[PDB]
Amino acid sequence: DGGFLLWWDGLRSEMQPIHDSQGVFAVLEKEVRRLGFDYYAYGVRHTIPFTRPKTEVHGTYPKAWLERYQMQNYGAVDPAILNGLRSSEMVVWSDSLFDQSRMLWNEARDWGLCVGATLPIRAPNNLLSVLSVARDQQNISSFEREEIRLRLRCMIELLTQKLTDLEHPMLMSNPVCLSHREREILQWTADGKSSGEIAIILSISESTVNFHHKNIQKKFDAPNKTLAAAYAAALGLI
Amino acid sequence: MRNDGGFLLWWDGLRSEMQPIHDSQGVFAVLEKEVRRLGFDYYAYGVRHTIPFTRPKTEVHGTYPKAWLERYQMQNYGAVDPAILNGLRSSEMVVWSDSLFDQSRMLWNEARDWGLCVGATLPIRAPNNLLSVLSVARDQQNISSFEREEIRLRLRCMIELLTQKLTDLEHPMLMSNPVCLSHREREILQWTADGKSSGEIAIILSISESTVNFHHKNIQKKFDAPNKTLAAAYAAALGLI
Amino acid sequence: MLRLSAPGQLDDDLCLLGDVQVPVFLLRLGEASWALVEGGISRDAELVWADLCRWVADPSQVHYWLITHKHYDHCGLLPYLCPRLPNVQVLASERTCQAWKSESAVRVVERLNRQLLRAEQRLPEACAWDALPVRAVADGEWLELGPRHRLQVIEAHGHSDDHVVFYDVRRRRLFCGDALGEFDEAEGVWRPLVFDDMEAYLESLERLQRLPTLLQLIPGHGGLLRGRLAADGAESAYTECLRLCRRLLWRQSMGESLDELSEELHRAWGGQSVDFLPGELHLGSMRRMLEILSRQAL
Amino acid sequence: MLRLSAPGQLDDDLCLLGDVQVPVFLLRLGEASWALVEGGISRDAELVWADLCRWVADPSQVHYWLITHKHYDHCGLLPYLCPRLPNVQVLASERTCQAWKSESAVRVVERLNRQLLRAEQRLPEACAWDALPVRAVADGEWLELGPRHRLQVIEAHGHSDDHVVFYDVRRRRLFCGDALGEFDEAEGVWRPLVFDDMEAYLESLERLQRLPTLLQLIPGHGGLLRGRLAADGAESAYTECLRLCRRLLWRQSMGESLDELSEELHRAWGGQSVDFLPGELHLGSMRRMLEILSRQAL
Ligand SMILES: O=C(CCCOc1cccc(Br)c1)N[C@H]1CCSC1=O
Ligand SMILES: O=C(CCCOc1cccc(Br)c1)N[C@H]1CCSC1=O
C-alpha cells in the first residue's frame, strides 16, 4: 500500500550499497530532517567497566555540546540513556523526565534542545544503543508519537546492524575470542565451582586448568577471576 | 499523517486492543488471533535466560502440538535450537531452512515430521538482558520475498508489546530470580566485579574490612553463592551492576 | 494487467462465473469441494449455471456460499440456484439471515431484481427465501472452508446494516464486496458508497487497513484487483470518502441544493453501473447517500 | 464562509488587491510601513494602483515585497511597480534572484505576461529586470517584516526549483502561492500542480503539513482560505497529487496515451485559468505535469 512498508524496503535497499559509516549517518540525517527534526544522535552505552560505564556517541548537535559531554560526561547520568536499561520503551522528553538531573536539561534547552525523544534498544551483543531526535519548537503530539516510534525503531535497528557490520569503534568493544575449552572452563567459573570440583567433573589435573585460568586472566587483562567472569558474563561470551 | 494507514494504524489498533487486557491467556489469545490472521498456523514465544551458564534455562509458551512441547521438556532442544541461538549473534528475523539447521538436523527433522515446514523466528534482547524469540510456523506456503519484511515488522512490534505486557503481568518466564540490591550493595558488588581486592576496596571506599566482608557474606547469601565469582557473574548477566 | 476481469479462470483456485459487473466467483477448496462467493442477480441464473457446470463435474461438490451483503445485487442469485445445489451452507451474517426471514426485504429484493429481466426470459423455479440453507457467521469468525482455504469474517458495517468481508489469510485475498466502493473502471480511483451509515463505514475501512497488505482485493463489482491499487484500497476508499465529504460540505457552504450535487454524481457515475442498477434508482440511492454525508462527519 | 474572495479589508491586517484570481496581498504592519505579497501579473498594475492608493496614503511607506517564485503569474507587477515604489524591497529564493538576473527565463516571462493583454492596453514604463532591488532569502531564515509580524521563509519546492512559502507563526497564516495547487471554487478539493519534481513536491507538502493547525491559508490564486479547509490544506494537496498519480497510472495500465488524460484535465480544469493563462498553453502545462508524474510515480 506504499507508505510505511515500501518506505522500510526502500530504506533497507538504499542502505545496502552504502559501504561507509559517513554514508549511513548521511542518510540518517536526511531521513531525520524529513521527519521534522533538526538534530539526531546515535549513542552506545557499554557495560564492561562497571564503576565507570563509558558511554560513547555520534550525532549532529552543536560540537561544543559534545565537548561539554567530554568534560562533564552527562551520559553516565543522563536519564534518556538510562531509560533503556529499565525498559525498552520510547520516551519523549519533558521537564518531568529530567527532574533527577536538571542541569543537563537546562543546559540542553539553553542550546536549542527543547523538544525531542530517545528510543533505546538492546543490541544483540549486550551493548545498549539509543537513537535520539531533537528540535526547537513543535512539541511532539501524542498523534505523531507512534509514527516517530516506528520509524526510529526501524532506523535504529538498521544502524545497529550496519555499524556492527562496519566495525565501528562505537559498537565494537574490546574483541576477545575463546575456543571451546576456554569457554567451558570460564562458564564453569561463572557458575562458580572450586578448582578441585572443576578438576573432578572435567577429569583434568589442576595444573592444566590453572594454565587455562592464567591464559584467561592474561587475555581479559584481569587481576582476579572475578573481573574475567564478570566481564565475560556482561559481554555475552559465556 | 493519514497517508500510509497500514502499519501505523494497525499498531495503534493492536496497542489499544491489548491495553485493557489484564491476563496472560488473553495476551496469548490476541497474539494467536493475529498470527492466524497473518497466515501462519502455529506460534511460539520463548524466553532464554542466561543465569545458569552451564545449562541455560529456556521457558516457552504457544500453540504447538503438546507432545512436541513434551519433547522439548524431554531432551531440552532449547539449548540446541539454532533458531533461538541466532538471537545471541544477530537481531535478524530468519526464515527456517535446511541450511540453518545444518549443525542440528534431528530437531529439524522431528519438527518437519509434525507440520513445521515453513516459519520464522524473530529474536530480541529484553531490557534486562533476557533473550526472547517470537516464532511463527505453518505447513505450506513458503515465505515469499514480498511477505517477509511485513512479517518482520509485525512480529517485531508484537514481541515488543508482548514482552512489555508480560513483564507488566509478572509471568514466570520474564521474571528472573528476584534480587534487590541497595545503593551500597550495588557499589560494593560493582567494585568487586572490577577485580579489586577487599583491602583496596576498603581503602578507596574508606570503610573497615569487617563491614565489607559482612556485605560479601550477605551478597553471597542472597545469590546462594560459594564464591565471589558466581555473584559477580550473575550480577553482570542480570544487569544488576 | 492489474484487473483480471473477464470470465473463466482468475488464479490457481478461483474462477469468475457470469458477468464481471455482477461477478459470481468460485473457490476450488479441494478435489471434490468447491465454494461459490459473492452471489449475483436474478437474471444471470441461467448464465451463471452455464458457467458453473463447465468448471465442476456435478453441482453436489459445492459446499459453501459466502454472501457479503443484503442488497439485491448479491442476494439475488440465491433462491434460483440454491435448490439446484443439493447441499450448500450459505454463509451470511447474523443480520443477513434476519433480512431473508423478513417478509419486507424479500419483496423489495425480488421487485428490484425483476426490473432487470429482459422481455423474453422467465426465471427458473425457486424456493422461498425463508427455506434457504443459511448459516450465521459472526464478527471475526474463522471459516475453515477447506484444507487450503482459511477465511475470516469481518463485519465491515456502514455500507449496509449487515455487511461482512471474507479475508483469506493464506493468499492475502479479500472478498470485500461493496465495503470499499464501486471501482472506477475509467479513472482508476475508488468511488464511495455509504448507503446506511457514514460513521460505521470509516471504522470498517480502518479495520480493513488493520488487515495486512493484500496481494488481491476482490470488490463486489469489477472482478479482481492485484498490484498496488489492491493493497491501498482501504486507504484509497478512506481518501475518497473524505474527498466526497469535502466536496459536499464545500458545495453546501456555497449554498447549492443537496439534490443538485447528487444529480451530478449520477451523471458522472451511473454509466458504469447502468446495466445492473435501474437508471432512476441510482439517483435516489445517491440522494440518500449524500443526505447521510450531510448528516454525519461535519 | 470558508473562502473570502473579493478585495477589501480581508482580515484584521490583510487586504487583497487586484483580480481575485491572481491578486497581490497587502499587509498592514505599522503606522508607517506596509508590505505586499504574491506579485501577480503585469496587466493588474493599473488596477492595483487604483486599489493601492485607497489603502496606502503615500507609497513611499511601502517597504517590503514578497515573491514566491519566478513564474509570470506571481511576478508580473515587479518591473512595473518597483521603480515608482522608491523604498521597495523584493524577497525571494536565491534561485529566484539568479533567475531574474539571468537573461533567459525573463524573455519568456515577458512573453507570458504580454499574451494576457487587452486590445488597447499599453503597459507603463519599467526598469530592467536585474535593476530592481532583491534580497535573497534562504530556507528557514526568520524575517522581520515589522514589530507586529515575524514571517518565516520555508523552502517548498515541487512547483519550481526557485520556490518558497512565507509562514507567520503568531496568527498562523501561510502564503503558499502554488506550493499546494490551484484551489477549486467548484469542487472544493485542491488541483495539484507539479512542474519540476514530485519528490520535492511531496517532501514539501510533508514539511508543510507538519506545521501547526493553520488558522488561515492564502494560495496565490483565489483569495484566503479559512477554517477546516486551511487546517488540512497541506494534507489534501498531498492526497490529490497521489490521486492524480493513481488516475494516470491506471490510464497507462489501460493503455491510453498521455494525450487523452492531458486533454481531459484541460477540459475539466480550464474554468479558472482562462483569464491569466491561454488555453493552448494550459494543455502543454498539464502535459508537462503529467509527464513528470508518469516518469516519477511508481
Ligand atoms: O543523551 C542524549 C543522546 C546522545 C547525545 O548525543 C550527542 C550529544 C552531544 C554531542 C554529540 Br556529537 C552527540 N540526548 C539528549 C538528553 C538530554 S540532552 C541530549 O542531548
Ligand atoms: O524456534 C522455535 C521456538 C522455540 C520452541 O517453540 C515451541 C515448541 C513447542 C511447543 C511450544 Br508451547 C513452543 N521452535 C521451532 C525450532 C525448530 S522447530 C520448532 O518448534
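Note that Cβ sites are derived from N, Cα and C of the backbone, with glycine treated the same way.
According to Swiss-Prot, C:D73, C:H74, C:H221 bind Fe cation 2; the candidate from C:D178, C:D184, C:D259 that the record adds to this site is C:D178. Among C:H157, C:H159, the residue that Swiss-Prot places alongside C:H69, C:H71, C:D178 at the Fe cation 1 binding site is C:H159.
On a Cα basis, C:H159 (Fe cation 1 binding site) lies 14 Å away from C:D73 (Fe cation 2 binding site).
Listed in sequence order, the residues C:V22, C:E38, C:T68, C:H69, C:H71, C:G177, C:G220 complete the 8 Å Cβ shell around the Fe cation 2 site centroid, once C:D73, C:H74, C:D178, C:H221 themselves are left out. Cα of C:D178 (Fe cation 1 binding site) to Cα of C:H221 (Fe cation 2 binding site): a span of 7 Å.
Neighbour count (other Cβ atoms within 10 Å of the Cβ, all protein chains): 25 for C:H71 (Fe cation 1 binding site). Sequence-distant neighbours of C:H74 (Fe cation 2 binding site) (same chain, 6+ residues apart, CB-CB distance under 8 A): C:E38, C:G39, C:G40, C:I67, C:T68, C:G177, C:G220. Reported as a whole number, the C-alpha separation between C:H221 (Fe cation 2 binding site) and C:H69 (Fe cation 1 binding site) equals 12 Å. Same-chain residues that are not part of C:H69, C:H71, C:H159, C:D178 yet have a Cβ within 8 Å of the Cβ center of the Fe cation 1 site turn out to be C:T68, C:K70, C:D73, C:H74, C:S160, C:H163, C:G177, C:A179, C:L193, C:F195, C:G220. In the structure shown, across all protein chains, C:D73 is the one of the binding-site residues C:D73, C:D178 with the greatest number of other Cβ atoms within 10 Å. The most densely surrounded of the binding-site residues C:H69, C:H159, judged by C-beta neighbours within 10 angstroms, is C:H159.
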